[PDB]
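A.B. asks: Got a structure for you, written out below as structure tokens; questions coming shortly.
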Amino acid sequence: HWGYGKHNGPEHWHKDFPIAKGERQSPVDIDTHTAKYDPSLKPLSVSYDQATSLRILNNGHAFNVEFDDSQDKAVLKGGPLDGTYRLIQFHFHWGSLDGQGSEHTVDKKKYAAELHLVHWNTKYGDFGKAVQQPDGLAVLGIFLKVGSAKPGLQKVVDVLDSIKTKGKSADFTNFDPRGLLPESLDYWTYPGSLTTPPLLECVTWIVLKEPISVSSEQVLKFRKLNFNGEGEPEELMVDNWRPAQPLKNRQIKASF
Ligand SMILES: Nc1nnc(C(F)(F)S(N)(=O)=O)s1
Ligand SMILES: [Zn+2]
């Protein structure tokens with residue numbers, strides 16, 4: 001099935017998922033000189049004080065930190081969004097080397113990794129109905145650069161050794177995602193898609209301008225994870241990013 005290798009990677013996905021060549025695919029290159037400041041944009045509201053993490057899972061492509069989304073505990077509102085979007089999970093994309101790993105690029109610059117916090121529109125009642133709607137999801141993306149350590153990331157780094165291979169999971173309660181956010185909430189926003197199969201065109205992307213810093217040692221532990229299952233030959237989980245897709249005369253709007 002799909003992956004990130006030469007024989008099942010991004011350039012192959014369109015055969016099973018034709019929407020890969022669609023009109024609003026993600027990620028994209030953010031040309032900062034062409035993005036336009038949008039005064040219609042309301043301020044962004046990230047309300048994560050009640051967030052309830054439950055578990056972390058290696059899904060064979062990345063790891064997901066899962067939240068309890070059976071109530072309005074952690075939500076994203078405002079900015080370009082109408083309504084309330086509830087946090088369901090976050091995950092990362094990262095590279096084999098510090099010069100690559102992000103999915104979005106900024107003036108063609110690639111970061112070492114990208115964090116995605118995935119939220120769904122509560123008006124659609126559940127995640128699987130929301131991904132079938134053009135405004136069903138809101139994903140907050142945050143770039144990672146290598147430099148000083150991110151203290152709030154270390155509890156994630158700490159548990160990765162217990163979910164090395166595909167299908168492993170570990171308990172991950174009481175994790176606070178507020179510890180992953182940069183100081184500034186300035187952002188770029190555009191309509192796009194999931195960046196993995198099934199590549200559904202349901203996402204309002206909100207990409208923060210300010211990256212967070214993580215240490216070399218932290219990202220190195222990311223790179224010790226495995227795409228394969230236990231007892232199979234080691235395939236390091238690296239370069240699980242989709243490259244930039246054609247913008248197709250969407251306009252990227254800036255909040256600043
Ligand atoms: N892991 C993944 N979880 N969600 C994924 C997505 F494809 F939906 S993304 N990269 O947020 O568009 S990747
Ligand atoms: Zn993602």
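Values quoted throughout were computed directly from the atomic coordinates according to the rules given, and no laboratory measurement underlies them. Don't worry about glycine lacking a Cβ; one is built from the backbone with ideal geometry, like all the others, and counts go over all protein chains shown.
A.B. asks: Any residue at all in the range 84-99 that's among the aliphatic types (A, V, I, L, M), away from ligand 2 (no atom under 15 Å from the Cβ) and in contact (Cβ under 8 Å) with a residue 24 or more places away in the chain? Full working, then the answer.
C.D. replies: Applying the first criterion (among the aliphatic types (A, V, I, L, M)) to the range 84-99 yields 87-88, 97.
Filter once more, keeping what is away from ligand 2 (no atom under 15 Å from the Cβ): 97.
Narrowing the set further to residues that are in contact (Cβ under 8 Å) with a residue 24 or more places away in the chain leaves none.
Checking the range 84-99: not a single residue is among the aliphatic types (A, V, I, L, M), away from ligand 2 (no atom under 15 Å from the Cβ) and in contact (Cβ under 8 Å) with a residue 24 or more places away in the chain.
A.B. asks: Among the residues of the range 123-159, count how many are surrounded by 18 or more Cβ atoms within 10 Å (Cβ to Cβ) and farther than 19 Å from residue 195 by Cβ. Walk me through how you get there before you give the answer.
C.D. replies: Initial filter on the range 123-159 (surrounded by 18 or more Cβ atoms within 10 Å (Cβ to Cβ)): 124, 130-131, 135-144, 146, 150, 153, 156-157.
Now narrow it down to the ones that are farther than 19 Å from residue 195 by Cβ: 124, 146, 150, 153, 156-157.
So the count comes out to 6.
A.B. asks: So, one more: Considering only residues that are away from ligand 1 (no atom under 15 Å from the Cβ) and of a type outside the set (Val, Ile, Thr), which ones fall in the range 96-116? First the steps, then the outcome.
C.D. replies: Residues of the range 96-116 that are away from ligand 1 (no atom under 15 Å from the Cβ), as a first pass: 96-100, 106-110, 112.
Answer for the range 96-116, where residues must be away from ligand 1 (no atom under 15 Å from the Cβ) and of a type outside the set (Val, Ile, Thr): 96, 97, 98, 99, 100, 107, 108, 109, 110, 112.
A.B. asks: Return yes when residue 188 is buried (at least 22 other Cβ atoms within 10 Å of the Cβ), away from ligand 1 (no atom under 12 Å from the Cβ), in contact (Cβ under 8 Å) with a residue 60 or more places away in the chain and under 17 Å from residue 102 (Cα atoms) and no when it is not. Spell out how you get there, then give the answer.
C.D. replies: Working: buried (at least 22 other Cβ atoms within 10 Å of the Cβ): yes; away from ligand 1 (no atom under 12 Å from the Cβ): yes; in contact (Cβ under 8 Å) with a residue 60 or more places away in the chain: yes; under 17 Å from residue 102 (Cα atoms): yes.
Yes.
A.B. asks: Counting just the residues of the range 191-225 that are outside any loop (DSSP other than H, G, I, E, B) and among the charged types (D, E, K, R), which one comes out surrounded by the fewest Cβ atoms within 10 Å (Cβ to Cβ)? Give the derivation first.
C.D. replies: Applying the first criterion (outside any loop (DSSP other than H, G, I, E, B)) to the range 191-225 yields 191-192, 203-208, 212-214, 216-222.
This time we only want the ones that are among the charged types (D, E, K, R), so: 217, 221.
On the way: 217: 11, 221: 17.
Taking the candidates together, the pick is 217.
A.B. asks: Related question: List the number of the failed condition for residue 168; all other conditions in (1) more than 30 Å from residue 16 (Cα to Cα); (2) more than 16 Å from ligand 2 (Cβ to nearest atom); (3) surrounded by 16 or more Cβ atoms within 10 Å (Cβ to Cβ) hold.
C.D. replies: Against the list (1) more than 30 Å from residue 16 (Cα to Cα); (2) more than 16 Å from ligand 2 (Cβ to nearest atom); (3) surrounded by 16 or more Cβ atoms within 10 Å (Cβ to Cβ), residue 168 comes up short only on (1).
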